[PDB]
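A quick write-up on the structure given underneath.
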Amino acid sequence: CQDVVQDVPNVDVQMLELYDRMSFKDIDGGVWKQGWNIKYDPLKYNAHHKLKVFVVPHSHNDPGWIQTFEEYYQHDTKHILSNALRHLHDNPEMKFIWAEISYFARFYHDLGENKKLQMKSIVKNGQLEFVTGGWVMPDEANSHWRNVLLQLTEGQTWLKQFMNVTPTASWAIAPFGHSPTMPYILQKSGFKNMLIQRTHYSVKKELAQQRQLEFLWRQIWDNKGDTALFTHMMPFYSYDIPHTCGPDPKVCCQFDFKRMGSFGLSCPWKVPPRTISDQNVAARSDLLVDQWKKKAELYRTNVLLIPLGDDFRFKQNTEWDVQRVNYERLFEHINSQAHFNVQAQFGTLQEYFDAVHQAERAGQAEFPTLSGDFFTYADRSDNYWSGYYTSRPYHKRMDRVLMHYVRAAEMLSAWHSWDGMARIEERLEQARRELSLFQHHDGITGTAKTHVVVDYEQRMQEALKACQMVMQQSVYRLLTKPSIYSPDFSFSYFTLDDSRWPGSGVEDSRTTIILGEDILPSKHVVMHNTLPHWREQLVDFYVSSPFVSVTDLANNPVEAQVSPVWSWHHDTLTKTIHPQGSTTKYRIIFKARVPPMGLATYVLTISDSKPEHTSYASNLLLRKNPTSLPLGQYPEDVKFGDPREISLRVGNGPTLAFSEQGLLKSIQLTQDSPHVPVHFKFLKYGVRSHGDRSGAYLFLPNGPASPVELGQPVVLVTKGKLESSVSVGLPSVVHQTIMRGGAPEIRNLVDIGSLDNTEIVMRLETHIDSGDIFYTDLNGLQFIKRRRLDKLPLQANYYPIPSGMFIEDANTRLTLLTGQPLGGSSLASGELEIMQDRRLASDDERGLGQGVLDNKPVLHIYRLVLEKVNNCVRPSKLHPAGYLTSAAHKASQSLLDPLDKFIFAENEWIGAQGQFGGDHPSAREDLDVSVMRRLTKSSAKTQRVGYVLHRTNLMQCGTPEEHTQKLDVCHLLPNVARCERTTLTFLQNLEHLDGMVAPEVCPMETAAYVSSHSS
Ligand SMILES: CO[C@H]1O[C@H](CO[C@H]2O[C@H](CO)[C@@H](O)[C@H](O)[C@@H]2O)[C@@H](O)[C@H](S[C@H]2O[C@H](CO)[C@@H](O)[C@H](O)[C@@H]2O)[C@@H]1O
Ligand SMILES: *[C@@H]1O[C@H](CO)[C@@H](O)[C@H](O)[C@H]1NC(C)=O
Ligand SMILES: [Zn+2]
């Protein structure tokens, strides 16, 4: 295994280093507004050394943005694809590339067989080429790597089945900045080349000057280079035709033949295209070849990529003709005039890359190595696209919830083969496709119109119901005596109970377990653990009595805590925000112990008085002017006091101190240790009243944030043996700190209400001497070092926080893990901050055509880990990566992949069993089974199950936490007959494994295995 900590890679371009050196001046470059006037030596090309030009027609099709997926399909995309089929069929030299398989699948299944055959033939002959082949062209900032892989797999599995092709070149012209997670996944999925576009204009200029726009993109920790993927960065401001022929858009626009008027389009530079004729083809060719040779100056080979397309292009037959016939006339002239020394043709993306690598192998170029990312994007001036790290945070959180239930549904159902009547594959396919769709760069990003957001939400809600169905059917099968099992595949044997989605205060969706002497004495509940190690975790349920005790299915008592059900109300009569307690339902909490990838059953039983093994939390309401809080049968009376500082400790865990406003002020890790200052604060950013306005994409604050005025908020303290909390009703946020004996959990119920032109930020203030350094993750996969740059504006120092962030000095680290992607930064030494929501009245001129005025309450979740790190083996000061500790990693897992909870729906479960998976290996803590997916339907004689295994890298800090069992996924199901290593999509076998054993993977590596079973 390569060491991902101690060896700093030697790369030609390291993006953090480049950032430190670059001046980012925004000067007028001339016709290339963000560049310079390019010059070329005309004698560079000659008869023995020609410029080879590939014009690559394309059409950018958003799977929802300003219209829904289905609306765009009906209005635009079905016509684009129908006319592509006809036009390519009839014009054999014409070419076209296609990226978004969601749309292509939607189209193809509506074709008659004759047209399906015609379509297969233009793909097989290379006229129509799929690029990337994902379901969508995903966002790269907010998306989790697991869902990037999911959508990639969804599209490529479709393409292999129906088109018999697997793309090896990726096309990502539209995400708002770019992540190294993409080449990581793509390189492990058979890819050889990728293309990107939306990078900071200053980066484009810098790399163009050095001819470093094509590079071997490796991971930041990769000393050897085995992760490298050849990458092409386009050089100009847009992917449209004016910005793809060359540096002068006034000239390039004249070669977009849809802009002569009858299509309703024109050239903003005020010179229209003219139809090519024999009288003008020489002059027109001179202009165009000059543009091409200038673009070629920015690259190292004599092979040039010229994209030819724009959003929802190639719709009308007349548009196909006007582009094709004019370009054909240009190519005939240019290629026959030896003095240009050019050979130009329509091509595909793979044709371009193949020709580049032929030039490379001929010794005509050597490419630089690069590591780093391409965040935060700015397309012009100070317009940094850090707003979309937060926009529409409800749906960002929903993404993470659905991510987990897709994993859990696929895993739980994979253990068996299912009859088709069970509709398992149907429901899983729907769930995967709806989550996959949402990875679009207008989905999870929060950059779509209101009604489109609603469509994505409705789709995801259906997907969650599909996962629930599959999960609960699977639990019933896994835990019922086989000779008793009698399934009705439409029935709900269990319902899922989720304490954090949509959340208390967002939706009252949880079911109470109703027990009573005259109705039902007890209830079975089941926990699932998707992670491949034993886990203990507190779980809670709502119950109709406080006098409830818990047993395991050996009837062993389990210690439990009962607490009230508190809900917060904005009392419009008193103009305060305060909690009310239920008088008929209560929360019971207990520790569930669940096998690796397994299930555990418990029983809740009512009694007529306090049970021996159940304790009751105390409750203290801090506010002036209190009024009573009755709690029905709950046996401890609420206590009241004036606001005051208070401290809490659960178990032998940290002691937390809180201000009189209910906000953390310090953490004491152990009995004698210092009370370390760690202060939460809520602040507000506003919007500029002159110049450019913040919107869904852009964050353009009117200076540093101002503190939220808190008034005298009401504080609720619950103190229990198993779980304690401090909750406070602040303006726009019910803020909660929860303690269970380790790192606290933070929950924010965020309701920005009608606060227009406001962004609410949560900041942590410490004494940690972090300087200008902080760490943020990329797609939940890796942590990258950030350096705050005072030469850039505030919004430029905001980065995606898809799963966590930290600051550290020599001795102390503070890590904030998130259950949802949000934007954040460290704007001063010792600080962390993360945006909660944003409400914006203006459009920000990027095409959305609305503000963000559709906010809804969202429950954001976090873990806060303060640690001593002086004994940890960390990377050197020059290394661009950072790594989590064990405790921080486990805290992230507790947010993203919690135990699932199931409540048996009927009164009696006949044949119930206590556990599943007790013989599953308990793997080392850094290893995960990211995906378990049965790949075959029940009719297949040889069943196949796919696994994706990911090993992270945790710091060595002198805490072994060892003896663990080897995990061989190929022996998790019986009767294995073959085990193969595959690409991450499962679509190509890479190694036949001896002994049918799937080895574990190296730190920071991800591998896929497929086991086959005879059984
Ligand atoms: C404001 O319209 C202009 O920009 C939008 C940009 O849409 C892309 O980028 C946004 C972010 O800015 C992203 O959210 C979205 O997914 C898209 O990737 C363009 O849609 C239009 S193209 C439009 O008008 C062109 C000029 O007339 C025409 O050539 C094209 O075919 C379309 O009709 C525009 O550039
Ligand atoms: C799929 O593509 C490959 C390569 O051209 C070819 O061998 C095979 O005949 C095609 N059709 C299949 C495998 O069904
Ligand atoms: Zn787009």
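Identifiers in the structure tokens: chain A, B, ... in order shown; residue index from 1 per chain; ligand index from 1 in order shown.
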
Check your understanding: How would you write, as a PyMOL selection string, the set of residues in stretch 665-778 of chain A that DSSP gives as strand (DSSP E)?
Key -> chain A and resi 665-668+676-685+706-707+715-719+724-730+733-739+745-750+758-766+773-778

Review point. Contacts of residue A:501 at 12 Å or less, counting only C-alpha atoms, minus same-chain residues fewer than 6 places along, as a VMD selection string?
Key: chain A and resid 394 to 395 397 to 402 404 to 405 461 464 507 to 510 747 749 819 to 820 857 to 861 895 to 896 898 900

Exercise for review: Please give me, as a PyMOL selection string, the residues lying within 8 Å of ligand 2 when counting only C-alpha atoms and all ligand atoms.
Suggested key: chain A and resi 124+164-165

**Study point:** Nearest-residue call for residue A:890, choices A:935, A:638, A:43, A:954, using only C-alpha atoms
**Key:**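 Checking each of A:935, A:638, A:43, A:954 against residue A:890, counting only C-alpha atoms, the winner is A:954.
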
How close does chain A get to ligand 1? List, as a Markdown table, each residue of chain A within 9 Å, its nearest atom pair and the distance in Å to one decimal, counting only C-alpha atoms and all ligand atoms.
```
| residue | atom | partner | partner_atom_place_in_ligand_line | distance |
| --- | --- | --- | --- | --- |
| A:59 | CA | ligand 1 | 31 (O) | 8.2 |
| A:60 | CA | ligand 1 | 18 (O) | 6.9 |
| A:61 | CA | ligand 1 | 18 (O) | 8.0 |
| A:62 | CA | ligand 1 | 16 (O) | 5.6 |
| A:63 | CA | ligand 1 | 16 (O) | 8.6 |
| A:64 | CA | ligand 1 | 16 (O) | 8.3 |
| A:65 | CA | ligand 1 | 16 (O) | 6.4 |
| A:66 | CA | ligand 1 | 15 (C) | 8.7 |
| A:173 | CA | ligand 1 | 18 (O) | 7.8 |
| A:174 | CA | ligand 1 | 18 (O) | 4.9 |
| A:175 | CA | ligand 1 | 18 (O) | 7.4 |
| A:176 | CA | ligand 1 | 11 (C) | 7.6 |
| A:238 | CA | ligand 1 | 35 (O) | 8.2 |
| A:239 | CA | ligand 1 | 35 (O) | 8.9 |
| A:240 | CA | ligand 1 | 29 (O) | 7.0 |
| A:241 | CA | ligand 1 | 29 (O) | 7.9 |
| A:256 | CA | ligand 1 | 29 (O) | 8.4 |
| A:258 | CA | ligand 1 | 29 (O) | 7.7 |
| A:259 | CA | ligand 1 | 27 (O) | 7.7 |
| A:264 | CA | ligand 1 | 27 (O) | 7.8 |
| A:265 | CA | ligand 1 | 27 (O) | 5.0 |
| A:266 | CA | ligand 1 | 27 (O) | 6.7 |
| A:267 | CA | ligand 1 | 27 (O) | 8.0 |
| A:309 | CA | ligand 1 | 31 (O) | 7.7 |
| A:310 | CA | ligand 1 | 31 (O) | 4.9 |
| A:311 | CA | ligand 1 | 31 (O) | 4.4 |
| A:312 | CA | ligand 1 | 31 (O) | 5.4 |
| A:313 | CA | ligand 1 | 31 (O) | 5.0 |
| A:314 | CA | ligand 1 | 31 (O) | 8.5 |
| A:440 | CA | ligand 1 | 16 (O) | 8.3 |
| A:441 | CA | ligand 1 | 16 (O) | 6.1 |
| A:442 | CA | ligand 1 | 14 (O) | 5.5 |
| A:445 | CA | ligand 1 | 14 (O) | 8.8 |
| A:447 | CA | ligand 1 | 14 (O) | 6.1 |
| A:448 | CA | ligand 1 | 14 (O) | 7.4 |
| A:697 | CA | ligand 1 | 11 (C) | 7.7 |
| A:845 | CA | ligand 1 | 1 (C) | 6.5 |
| A:846 | CA | ligand 1 | 12 (O) | 3.8 |
| A:847 | CA | ligand 1 | 1 (C) | 3.5 |
| A:848 | CA | ligand 1 | 14 (O) | 6.9 |
| A:849 | CA | ligand 1 | 1 (C) | 8.1 |
```

Point to revise | Selection: 8 Å around stretch 371-379 of chain A, only C-alpha atoms, excl. self and same-chain fewer than 6 positions, as a PyMOL selection string | key: chain A and resi 11+13-16+176-180+198-201+217-220+237+385-386+796-799+880

Long-range neighbours of residue A:657 as a PDB file with N, CA, C and O atoms, in the first residue's frame, 10 Å cut-off, only C-alpha atoms, 2 positions minimum in chain:
```pdb
ATOM      1  N   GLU A 645     -25.890  30.390  33.361  1.00  0.00           N
ATOM      2  CA  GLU A 645     -24.930  29.477  32.774  1.00  0.00           C
ATOM      3  C   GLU A 645     -25.138  28.089  33.365  1.00  0.00           C
ATOM      4  O   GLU A 645     -25.532  27.949  34.556  1.00  0.00           O
ATOM      5  N   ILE A 646     -24.892  27.074  32.541  1.00  0.00           N
ATOM      6  CA  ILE A 646     -24.991  25.739  33.140  1.00  0.00           C
ATOM      7  C   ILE A 646     -24.007  24.825  32.447  1.00  0.00           C
ATOM      8  O   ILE A 646     -23.415  25.101  31.395  1.00  0.00           O
ATOM      9  N   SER A 647     -23.707  23.736  33.096  1.00  0.00           N
ATOM     10  CA  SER A 647     -22.747  22.732  32.664  1.00  0.00           C
ATOM     11  C   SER A 647     -23.416  21.356  32.732  1.00  0.00           C
ATOM     12  O   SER A 647     -24.187  21.111  33.674  1.00  0.00           O
ATOM     13  N   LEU A 648     -23.075  20.487  31.847  1.00  0.00           N
ATOM     14  CA  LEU A 648     -23.563  19.119  31.799  1.00  0.00           C
ATOM     15  C   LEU A 648     -22.449  18.136  31.452  1.00  0.00           C
ATOM     16  O   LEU A 648     -21.532  18.469  30.726  1.00  0.00           O
ATOM     17  N   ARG A 649     -22.587  16.924  31.974  1.00  0.00           N
ATOM     18  CA  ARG A 649     -21.741  15.794  31.630  1.00  0.00           C
ATOM     19  C   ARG A 649     -22.568  14.495  31.616  1.00  0.00           C
ATOM     20  O   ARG A 649     -23.243  14.179  32.588  1.00  0.00           O
ATOM     21  N   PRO A 654     -17.183  14.253  27.894  1.00  0.00           N
ATOM     22  CA  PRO A 654     -16.798  15.632  28.141  1.00  0.00           C
ATOM     23  C   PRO A 654     -17.863  16.351  28.965  1.00  0.00           C
ATOM     24  O   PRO A 654     -19.034  16.007  29.011  1.00  0.00           O
ATOM     25  N   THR A 655     -17.381  17.387  29.644  1.00  0.00           N
ATOM     26  CA  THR A 655     -18.252  18.346  30.325  1.00  0.00           C
ATOM     27  C   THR A 655     -18.388  19.601  29.449  1.00  0.00           C
ATOM     28  O   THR A 655     -17.387  20.195  29.055  1.00  0.00           O
ATOM     29  N   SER A 659     -23.645  29.203  27.810  1.00  0.00           N
ATOM     30  CA  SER A 659     -24.009  30.551  28.207  1.00  0.00           C
ATOM     31  C   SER A 659     -25.447  30.612  28.689  1.00  0.00           C
ATOM     32  O   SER A 659     -26.215  29.652  28.520  1.00  0.00           O
ATOM     33  N   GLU A 660     -25.838  31.769  29.219  1.00  0.00           N
ATOM     34  CA  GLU A 660     -27.238  31.930  29.643  1.00  0.00           C
ATOM     35  C   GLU A 660     -28.189  31.974  28.455  1.00  0.00           C
ATOM     36  O   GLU A 660     -29.392  31.887  28.650  1.00  0.00           O
ATOM     37  N   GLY A 662     -27.992  29.653  26.141  1.00  0.00           N
ATOM     38  CA  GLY A 662     -28.123  28.283  25.708  1.00  0.00           C
ATOM     39  C   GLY A 662     -27.134  27.824  24.672  1.00  0.00           C
ATOM     40  O   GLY A 662     -27.363  26.782  24.051  1.00  0.00           O
ATOM     41  N   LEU A 663     -26.033  28.551  24.510  1.00  0.00           N
ATOM     42  CA  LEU A 663     -25.037  28.262  23.481  1.00  0.00           C
ATOM     43  C   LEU A 663     -23.770  27.807  24.130  1.00  0.00           C
ATOM     44  O   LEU A 663     -23.300  28.348  25.177  1.00  0.00           O
ATOM     45  N   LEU A 664     -23.137  26.797  23.523  1.00  0.00           N
ATOM     46  CA  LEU A 664     -21.876  26.277  24.042  1.00  0.00           C
ATOM     47  C   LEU A 664     -20.863  27.390  24.236  1.00  0.00           C
ATOM     48  O   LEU A 664     -20.726  28.268  23.375  1.00  0.00           O
ATOM     49  N   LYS A 665     -20.153  27.322  25.357  1.00  0.00           N
ATOM     50  CA  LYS A 665     -19.007  28.204  25.551  1.00  0.00           C
ATOM     51  C   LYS A 665     -17.728  27.462  25.822  1.00  0.00           C
ATOM     52  O   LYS A 665     -16.661  28.069  25.568  1.00  0.00           O
ATOM     53  N   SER A 666     -17.718  26.243  26.323  1.00  0.00           N
ATOM     54  CA  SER A 666     -16.461  25.526  26.564  1.00  0.00           C
ATOM     55  C   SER A 666     -16.701  24.032  26.645  1.00  0.00           C
ATOM     56  O   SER A 666     -17.798  23.533  26.925  1.00  0.00           O
ATOM     57  N   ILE A 667     -15.602  23.300  26.362  1.00  0.00           N
ATOM     58  CA  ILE A 667     -15.582  21.867  26.450  1.00  0.00           C
ATOM     59  C   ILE A 667     -14.428  21.413  27.331  1.00  0.00           C
ATOM     60  O   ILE A 667     -13.323  21.836  27.052  1.00  0.00           O
ATOM     61  N   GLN A 668     -14.701  20.565  28.314  1.00  0.00           N
ATOM     62  CA  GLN A 668     -13.662  19.966  29.165  1.00  0.00           C
ATOM     63  C   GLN A 668     -13.605  18.476  28.869  1.00  0.00           C
ATOM     64  O   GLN A 668     -14.553  17.751  29.154  1.00  0.00           O
ATOM     65  N   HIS A 675     -10.992  23.733  30.692  1.00  0.00           N
ATOM     66  CA  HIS A 675     -12.237  24.052  29.967  1.00  0.00           C
ATOM     67  C   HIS A 675     -11.831  24.860  28.742  1.00  0.00           C
ATOM     68  O   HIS A 675     -11.539  26.041  28.802  1.00  0.00           O
ATOM     69  N   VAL A 676     -11.816  24.166  27.606  1.00  0.00           N
ATOM     70  CA  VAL A 676     -11.370  24.776  26.356  1.00  0.00           C
ATOM     71  C   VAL A 676     -12.420  25.686  25.730  1.00  0.00           C
ATOM     72  O   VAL A 676     -13.519  25.179  25.515  1.00  0.00           O
ATOM     73  N   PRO A 677     -12.136  26.957  25.479  1.00  0.00           N
ATOM     74  CA  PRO A 677     -13.176  27.813  24.889  1.00  0.00           C
ATOM     75  C   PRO A 677     -13.572  27.313  23.514  1.00  0.00           C
ATOM     76  O   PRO A 677     -12.747  27.192  22.627  1.00  0.00           O
ATOM     77  N   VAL A 678     -14.888  27.093  23.376  1.00  0.00           N
ATOM     78  CA  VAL A 678     -15.484  26.683  22.087  1.00  0.00           C
ATOM     79  C   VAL A 678     -16.838  27.336  22.114  1.00  0.00           C
ATOM     80  O   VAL A 678     -17.723  26.884  22.870  1.00  0.00           O
ATOM     81  N   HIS A 679     -17.035  28.408  21.355  1.00  0.00           N
ATOM     82  CA  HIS A 679     -18.258  29.205  21.486  1.00  0.00           C
ATOM     83  C   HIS A 679     -19.068  29.162  20.185  1.00  0.00           C
ATOM     84  O   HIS A 679     -18.551  29.512  19.132  1.00  0.00           O
TER      85      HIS A 679
END
```

Review point. Using only C-alpha atoms, which residues sit within 10 Å of stretch 612-624 of chain A once same-chain residues fewer than 4 positions away are excluded, as a ChimeraX atom specification?
Key: /A:546-551,557-564,578-579,588-590,628-629,634-645,660-662,712-728

Could you turn the residues from that selection into a file that holds N, CA and C atoms, as a compact mmCIF listing (two decimals), in the first residue's frame?
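That gives us result-v6.txt:
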```txt
# COMPACT_ATOMS: atom_id res chain seq x y z
N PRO A 546 -45.16 6.52 29.87
CA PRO A 546 -43.79 6.63 30.35
C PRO A 546 -43.34 5.35 31.01
N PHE A 547 -44.26 4.41 31.29
CA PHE A 547 -43.90 3.22 32.08
C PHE A 547 -43.65 2.07 31.13
N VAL A 548 -42.50 2.14 30.46
CA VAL A 548 -42.10 1.22 29.41
C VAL A 548 -40.69 0.71 29.73
N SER A 549 -40.53 -0.59 29.53
CA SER A 549 -39.19 -1.14 29.69
C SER A 549 -38.85 -1.96 28.43
N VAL A 550 -37.56 -2.14 28.33
CA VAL A 550 -36.97 -2.74 27.14
C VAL A 550 -36.27 -4.03 27.51
N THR A 551 -36.42 -5.02 26.62
CA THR A 551 -35.71 -6.29 26.67
C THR A 551 -35.20 -6.65 25.30
N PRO A 557 -33.07 -7.62 30.37
CA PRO A 557 -33.42 -6.21 30.47
C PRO A 557 -32.33 -5.36 29.84
N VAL A 558 -32.77 -4.26 29.25
CA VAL A 558 -31.94 -3.25 28.66
C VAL A 558 -32.19 -1.92 29.35
N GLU A 559 -31.15 -1.24 29.82
CA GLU A 559 -31.34 0.04 30.48
C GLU A 559 -31.96 1.06 29.54
N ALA A 560 -32.94 1.81 30.00
CA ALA A 560 -33.61 2.78 29.14
C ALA A 560 -33.80 4.07 29.91
N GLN A 561 -34.00 5.15 29.17
CA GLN A 561 -34.31 6.47 29.67
C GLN A 561 -35.58 6.96 28.98
N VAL A 562 -36.52 7.50 29.75
CA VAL A 562 -37.68 8.14 29.18
C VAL A 562 -37.56 9.63 29.41
N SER A 563 -37.93 10.38 28.38
CA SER A 563 -37.89 11.83 28.34
C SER A 563 -39.21 12.32 27.79
N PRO A 564 -39.59 13.57 28.01
CA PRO A 564 -40.79 14.11 27.36
C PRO A 564 -40.59 14.30 25.85
N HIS A 578 -41.02 29.08 22.54
CA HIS A 578 -40.90 28.34 23.80
C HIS A 578 -41.41 26.94 23.57
N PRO A 579 -41.02 26.02 24.43
CA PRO A 579 -41.37 24.62 24.26
C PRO A 579 -42.64 24.24 25.00
N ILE A 588 -38.70 7.08 24.58
CA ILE A 588 -37.86 6.09 25.22
C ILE A 588 -36.59 5.89 24.43
N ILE A 589 -35.48 5.88 25.16
CA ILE A 589 -34.14 5.78 24.60
C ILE A 589 -33.39 4.63 25.22
N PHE A 590 -32.69 3.87 24.41
CA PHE A 590 -31.91 2.75 24.90
C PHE A 590 -30.80 2.45 23.93
N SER A 628 -46.47 27.12 33.68
CA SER A 628 -46.41 25.71 33.94
C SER A 628 -46.31 24.89 32.64
N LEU A 629 -45.76 23.68 32.78
CA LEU A 629 -45.55 22.72 31.70
C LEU A 629 -45.98 21.32 32.18
N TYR A 634 -45.90 11.65 32.97
CA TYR A 634 -44.46 11.68 33.21
C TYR A 634 -44.13 11.93 34.67
N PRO A 635 -43.32 11.08 35.28
CA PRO A 635 -43.22 11.11 36.75
C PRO A 635 -42.35 12.19 37.39
N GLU A 636 -41.65 13.04 36.67
CA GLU A 636 -40.81 14.09 37.26
C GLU A 636 -41.37 15.43 36.85
N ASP A 637 -41.69 16.34 37.77
CA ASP A 637 -42.16 17.67 37.46
C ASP A 637 -41.06 18.56 36.85
N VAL A 638 -41.44 19.31 35.83
CA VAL A 638 -40.52 20.30 35.26
C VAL A 638 -40.14 21.33 36.29
N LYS A 639 -38.89 21.71 36.27
CA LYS A 639 -38.35 22.74 37.18
C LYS A 639 -38.15 24.02 36.38
N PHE A 640 -38.17 25.17 37.00
CA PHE A 640 -38.04 26.44 36.37
C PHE A 640 -36.96 27.30 37.02
N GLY A 641 -36.31 28.20 36.28
CA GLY A 641 -35.36 29.15 36.84
C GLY A 641 -35.12 30.30 35.92
N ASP A 642 -34.51 31.35 36.44
CA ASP A 642 -34.06 32.42 35.54
C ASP A 642 -32.86 31.96 34.68
N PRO A 643 -32.69 32.58 33.52
CA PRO A 643 -31.53 32.24 32.68
C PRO A 643 -30.24 32.25 33.47
N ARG A 644 -29.39 31.28 33.22
CA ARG A 644 -28.14 31.13 33.93
C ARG A 644 -27.18 30.23 33.15
N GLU A 645 -25.89 30.39 33.36
CA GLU A 645 -24.93 29.48 32.77
C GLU A 645 -25.14 28.09 33.36
N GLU A 660 -25.84 31.77 29.22
CA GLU A 660 -27.24 31.93 29.64
C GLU A 660 -28.19 31.97 28.46
N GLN A 661 -27.66 32.13 27.25
CA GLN A 661 -28.49 32.05 26.05
C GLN A 661 -28.53 30.64 25.44
N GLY A 662 -27.99 29.65 26.14
CA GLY A 662 -28.12 28.28 25.71
C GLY A 662 -27.13 27.82 24.67
N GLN A 712 -33.75 37.58 24.95
CA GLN A 712 -33.64 36.74 26.13
C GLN A 712 -34.31 35.39 25.82
N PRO A 713 -33.60 34.54 25.08
CA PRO A 713 -34.28 33.34 24.56
C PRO A 713 -34.54 32.36 25.68
N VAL A 714 -35.57 31.52 25.45
CA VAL A 714 -35.96 30.44 26.38
C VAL A 714 -35.03 29.21 26.17
N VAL A 715 -34.51 28.68 27.27
CA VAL A 715 -33.57 27.57 27.26
C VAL A 715 -34.16 26.38 27.99
N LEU A 716 -34.13 25.20 27.40
CA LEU A 716 -34.65 23.98 27.95
C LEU A 716 -33.50 23.01 28.18
N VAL A 717 -33.30 22.58 29.40
CA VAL A 717 -32.25 21.63 29.76
C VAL A 717 -32.91 20.31 30.14
N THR A 718 -32.57 19.23 29.47
CA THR A 718 -33.01 17.87 29.83
C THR A 718 -31.81 17.08 30.27
N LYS A 719 -31.88 16.48 31.47
CA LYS A 719 -30.71 15.80 32.04
C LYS A 719 -31.11 14.38 32.31
N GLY A 720 -30.46 13.45 31.65
CA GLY A 720 -30.76 12.03 31.79
C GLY A 720 -29.47 11.23 31.96
N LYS A 721 -29.62 9.98 32.37
CA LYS A 721 -28.44 9.15 32.55
C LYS A 721 -27.82 8.75 31.22
N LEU A 722 -28.65 8.58 30.20
CA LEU A 722 -28.17 8.15 28.88
C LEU A 722 -28.00 9.30 27.92
N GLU A 723 -28.83 10.32 28.01
CA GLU A 723 -28.83 11.43 27.07
C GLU A 723 -29.30 12.70 27.77
N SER A 724 -28.54 13.78 27.55
CA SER A 724 -28.88 15.08 28.04
C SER A 724 -28.85 16.08 26.88
N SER A 725 -29.49 17.21 27.03
CA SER A 725 -29.50 18.22 25.99
C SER A 725 -29.79 19.61 26.54
N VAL A 726 -29.35 20.59 25.75
CA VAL A 726 -29.67 21.98 25.94
C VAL A 726 -30.28 22.48 24.63
N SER A 727 -31.48 23.02 24.67
CA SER A 727 -32.19 23.52 23.49
C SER A 727 -32.55 24.99 23.71
N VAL A 728 -32.42 25.80 22.69
CA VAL A 728 -32.77 27.22 22.84
C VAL A 728 -33.49 27.70 21.60
```

Point to revise | Selected residue, from A:206, A:320, A:818, A:478, that lies nearest to residue A:912 when counting only C-alpha atoms | key: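 Closest to residue A:912, using only C-alpha atoms: A:478.
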
Exercise for review: Please measure the separation of atom CA of residue A:327 and atom CA of residue A:357, giving the value in Å to one decimal.
Suggested key: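 Separation between atom CA of residue A:327 and atom CA of residue A:357: 26.0 Å.
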
Exercise for review: Name the residues of stretch 337-557 of chain A that fall into helix (DSSP H, G or I) according to DSSP on the backbone, using the chain letters and numbers of this document, as number ranges by chain.
Suggested key: A: 338-340, 349-361, 387-389, 393-414, 420-422, 424-438, 450-478

Exercise for review: Tell me which protein, DNA and RNA residues are within 7 Å of stretch 74-85 of chain A, counting only C-alpha atoms, leaving out same-chain ones fewer than 6 positions away, and put them as a ChimeraX atom specification.
Suggested key: /A:107,119,312,314-317

Point to revise | Shell of 12 Å around residue A:827, only C-alpha atoms, local chain residues under 6 positions omitted, as a PyMOL selection string | key: chain A and resi 704-705+763-765+770-774+786-790+792-799+807+833-834
